[PDB]
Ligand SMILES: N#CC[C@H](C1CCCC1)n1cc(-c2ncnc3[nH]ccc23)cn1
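The chain below stands alone, shown as structure tokens; this is the form deposited without this ligand.
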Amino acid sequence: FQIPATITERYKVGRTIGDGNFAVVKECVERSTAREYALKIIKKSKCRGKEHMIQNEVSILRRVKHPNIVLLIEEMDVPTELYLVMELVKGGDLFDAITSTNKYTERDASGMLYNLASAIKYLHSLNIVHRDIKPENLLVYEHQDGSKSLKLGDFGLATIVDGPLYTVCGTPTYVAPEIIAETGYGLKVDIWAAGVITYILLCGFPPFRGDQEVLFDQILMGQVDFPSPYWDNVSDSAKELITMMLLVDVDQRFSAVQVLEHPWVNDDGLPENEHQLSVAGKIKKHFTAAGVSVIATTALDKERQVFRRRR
């Protein structure tokens, strides 16, 4: 690679930290601030013919400015490659946020859902559906006081909603019923995905586990079980919230605003903060490279995964 002068003048590019079929990722310290970023390099020879799937992801990253999102810091376009200076978040993903957390409680989970719901609210205000909201795409941003904030990344499946979408995209565990049914879907699939995550946050296992076709039936029926004894000492406010996020009826289902306005998220006193949640055990049973992985992927790496038995 012949890194342009524009980049090498204001950034010291280092070792390759990640690779992909369509992107290379290097260390990238901003010379003026000594702040560490990631330099994502895409060879335009691979993206030819499908410029739109790369260009549509970038034009979204260029717009979205929110603290709870992995941000595009800078773009440098040359005839042979596209350079993207990206935020490099090193606090691990969501599963690490739960494990590393000593004294893990409902208040921590509520705090993460606040960051997530806030990010989703921002995207939905711009009529952007992320469609790939999952624990692997939720990176942990650690502050100086020890507190943590989540940042949603990987906009490889993100798109502007102008009407109902029909492409069957996303990870089966987190995919909404309307995506599976192919009846048309929109923004609120992100809420469904967030509800699955919230469910996992409290107990460490998915609400819908199902064989593959059984999983899809579980999702389609949307009967959330809060089994004992795992949900015995979880607040009903939390279980109520998850119920509203995983409604098959899209109109009844909460919007991002309605999640944030829910007492368990809105009122920062409701979440239990003295009785712990023993979730660490279940996570391993069922489920800084985390930061690089989110950047190394592109839209062109995305594939369909959900396949019902044809009716």
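We call the rigid core whatever largest set of C-alpha positions still superposes within 1.5 Å between the two forms. One-based numbering along the sequence shown.
Beyond the structure shown, there is the form solved in complex with this ligand, which is absent from this document and is the topic of what follows.
- Message: Can you check whether the pocket is open or blocked when this ligand is overlaid onto this chain using its placement in the entry with it bound? Blocked = 3+ ligand atoms within 2.4 Å of backbone or C-beta.
- Response: By the 2.4 Å criterion, blocked.
- Item | this ligand: the contacting residue among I128, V175, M86, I191 in the entry with it bound [heavy atom, 4.5 Å] | Contact check passes for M86.
- Task: Identify which of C47, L246, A256, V70 has a heavy atom within 4.5 Å of this ligand in the entry with it bound; exactly one of them does.
- Result: Checking each option against this ligand in the entry with it bound, the one that comes within 4.5 Å is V70.
- Counting only non-hydrogen atoms, which stretch in 130-138, 230-238, 180-188, 102-110 is within 4.5 Å of this ligand in the entry with it bound? Of the options, only 130-138 has residues within 4.5 Å of the partner.
- Query: Given that the partner is absent here, does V13 sit within 4.5 Å of this ligand in the entry with it bound, heavy atoms only?
  - Reply: Result no; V13 lies far from this ligand in the entry with it bound.
- Query: Given that the partner is absent here, does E9 sit within 4.5 Å of this ligand in the entry with it bound, heavy atoms only?
  - Reply: Residue-level check for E9: no, no contact with this ligand.
- Quick one: does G195 come within 4.5 Å of this ligand in the entry with it bound, counting heavy atoms only? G195: no contact with this ligand in the entry with it bound.
- Does any heavy atom of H262 come within 4.5 Å of a heavy atom of this ligand in the entry with it bound? No.
- Query: Which residues within 33-59 place at least one heavy atom within 4.5 Å of this ligand in the entry with it bound?
  - Reply: Heavy-atom contacts to this ligand in the entry with it bound: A38, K40.
- Query: Among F216, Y199, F95, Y174, which is the residue that shifts its C-alpha 2 Å or more between the shown form and the other one, core superposed?
  - Reply: Looking at each option in turn, only one qualifies, and it is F95.
- Can we say the CA of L39 moves by at least 2 Å between the shown form and the other one when the core is superposed? Result for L39: yes, a 2 Å-plus shift.
- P229 C-alpha shift between the shown form and the other one of 2 Å or more, rigid core reference: For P229, whose C-alpha is compared between the shown form and the other one after core superposition, the shift is less than 2 Å.
- Task: Compare the position of the CA of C28 between the shown form and the other one after a rigid core fit and state whether the shift reaches 2 Å.
- Result: Yes, the C-alpha position differs by at least 2 Å between the shown form and the other one.
- Task: Answer with closer or farther for the CA-CA spacing of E51 and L61 in the entry with it bound compared to the shown form; it moves by 3 Å or more.
- Result: Compared with the form shown here, the C-alpha atoms of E51 and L61 sit farther apart in the entry with it bound, by 3 Å or more.
- Message: Between the shown chain and the other structure, the Cα gap of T101 to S228 differs by 3 Å or more. Is it closer or farther in the entry with it bound?
- Response: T101 and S228 sit closer together in the entry with it bound.
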